[PDB]
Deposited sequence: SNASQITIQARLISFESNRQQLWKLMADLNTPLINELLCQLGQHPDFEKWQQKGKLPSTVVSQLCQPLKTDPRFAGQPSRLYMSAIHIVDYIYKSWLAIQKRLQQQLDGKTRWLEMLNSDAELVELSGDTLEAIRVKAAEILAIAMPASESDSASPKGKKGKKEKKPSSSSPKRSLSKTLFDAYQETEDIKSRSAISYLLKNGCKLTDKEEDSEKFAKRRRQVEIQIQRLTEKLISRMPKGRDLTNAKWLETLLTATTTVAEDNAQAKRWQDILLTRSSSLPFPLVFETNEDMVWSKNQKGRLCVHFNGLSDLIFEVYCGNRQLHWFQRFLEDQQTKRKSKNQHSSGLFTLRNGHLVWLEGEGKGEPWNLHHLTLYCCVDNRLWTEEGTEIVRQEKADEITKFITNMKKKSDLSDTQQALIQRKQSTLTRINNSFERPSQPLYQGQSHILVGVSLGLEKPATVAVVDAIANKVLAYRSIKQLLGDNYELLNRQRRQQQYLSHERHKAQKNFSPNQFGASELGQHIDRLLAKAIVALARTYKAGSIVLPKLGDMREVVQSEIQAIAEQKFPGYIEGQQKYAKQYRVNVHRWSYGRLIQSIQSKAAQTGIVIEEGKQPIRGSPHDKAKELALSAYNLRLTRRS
């Protein structure tokens, strides 16, 4: 599921409860994590479950295999304490305060009730979590947990500048992973269909093998309960999802001179429904691209000044690049949705170092026809000024936005030369031709 997103909030409590949480994780959770890593490093992740069992009594029950899960995710990769992750929809118990605010109660923490402070841009997610747990309570465990919209959540701490307290300096922050497709009723229908298919495949797969008489039967009972309870749905909002036209394709061409141009084109016919350039996608936020290019130049020069020896280079850095890469993705997906586009086509990232080099060569030859010295000089100056875009965050951001809205994404091969609009159109047509296979 690439549609899942992450919401965040800040948790608030008395100094006493905050002290208990700080002590509990900093003195127990992160030492246990460090110990378990030190153990796995010298080991000659299933065995980790019984590896941690002896460590249980050495120094909060759910937090012990929370640390196991953290360790497993660390291993599979190949004064703030580490984040405490609850990888369960039901680890958190939501409630409404007497003053109306939401509160979280964690399973391992009986008396630790934290009031939730969030932004109105994402309060509806917390209200949805509350309504979901209330619906399960009303149905008396008659709804499958795969549709409570709260996949998992980890609690972290954050740093301050008061410099005068053990924990009052650090702010709590809850990060809940929420499945965006799980909001609307029809998206939940699709999620239920996929999860039922996965359950069928997994039950068929393990039935071909033999397991313990009690644990395997417990798993089977759990899966049958899930399949039974998954058909009973929730009273969620209804949205018609998205239709999508197969023959309409929105191709996006990435380059150096123009970071992103877009062509909405028919495939059954050959007419381009509409082009849009970078200035037309950013709109009123176009000065952001130019000031970001200037900032990128400044930062690159500063890094090359201090590659020998200086302090960290984050001086003057920001997330303007991410903001632009999100504005661009929003605009592109909106443009696709306007024309009922059925798919957004993007260049393969690997063929991105080649494309920018070819574009620089093309620009140099366009400026200086055959003067090789001038072409090299202009290429150097252009690389100095028009720095390489961050074509990785853009592709990922477009993927996230398209998956959220429902527009499928295909990958094509960007043509080497031609005008950016022509490159975009031919990219889209090439993608459609490959899809014909």
property	result
Parts of the chain sequence, as deposited, that carry no C-alpha coordinates in this structure	1, 46 to 57, 73 to 77, 97 to 279, 639 to 641
